[PDB]
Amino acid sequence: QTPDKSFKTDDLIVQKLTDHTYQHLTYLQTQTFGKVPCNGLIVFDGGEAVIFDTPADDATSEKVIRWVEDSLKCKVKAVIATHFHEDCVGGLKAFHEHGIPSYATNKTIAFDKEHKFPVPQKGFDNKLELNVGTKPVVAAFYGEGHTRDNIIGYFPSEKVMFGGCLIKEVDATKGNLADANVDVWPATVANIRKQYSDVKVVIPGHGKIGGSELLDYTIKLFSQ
């Protein structure tokens, strides 16, 4: 077993999901969408942690980093931006001030430079393999959808998937399609469903965490 260091505040929620994974949840205030909750993932083992998506800004990012060090007794080994939008890179500056390396695909990094968003520092094409303690962490591209660059995260030792905004909560609407390739989105998530057939936890970019049924739902939503 592992301790439960979950907690809730007005600007930040951290919630245990499995023995070695935690959801982080922050909020992004827009004038065209309003206040939207945003999900990320923390996985850890052996004093090392990896985080998928920054919390929405530098202040909540700072709180998460300190909590990983103080409560989990882990060093944040890396942060991975799962696409170029601000609910993935908004807090990158705080990670960088802590000397925490940030990773994203080269496509994501080009997008962030073009949009003058904070830029992940280390690029890769299609797939990144990290270790947390002795545990594998995967981040990989399976096709376009919510954006042309979106990737997912997987922690196979506990079958936890961070789907990001490519994956919708059950009964969600299509959401923000401004950068989307909707015609291939079903095939992209079908590809993911085919390759992660025993996933136990699926975390959408926004909304309620569930199981593999979030893949089936997302495929339906964009297939009609």
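One rule holds for the numbers: they count along the sequence shown, beginning at 1.
For the segment pair 166 to 174 and 60 to 68, the entry gives 60 to 68 the higher mean B-factor, averaged over Cα atoms. Taking the mean C-alpha B-factor of each stretch as recorded, 157 to 165 and 26 to 34 are not equal, and the higher mean is that of 26 to 34.
Within the listed group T108, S102, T134, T147, the record reports its top CA B-factor for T134. Among all modelled residues in its chain, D183 ranks in the middle third by Cα B-factor. In the PDB entry, a CA B factor belonging to the lowest third of its chain's modelled residues is recorded for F141. Ranked by Cα temperature factor within the chain, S223 sits in the middle third according to the deposited record. The deposited CA B-factor of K200 belongs to the middle third of values across its chain. In this PDB entry, the Cα temperature factor of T9 sits in the top third of its chain's modelled residues, the highest group.
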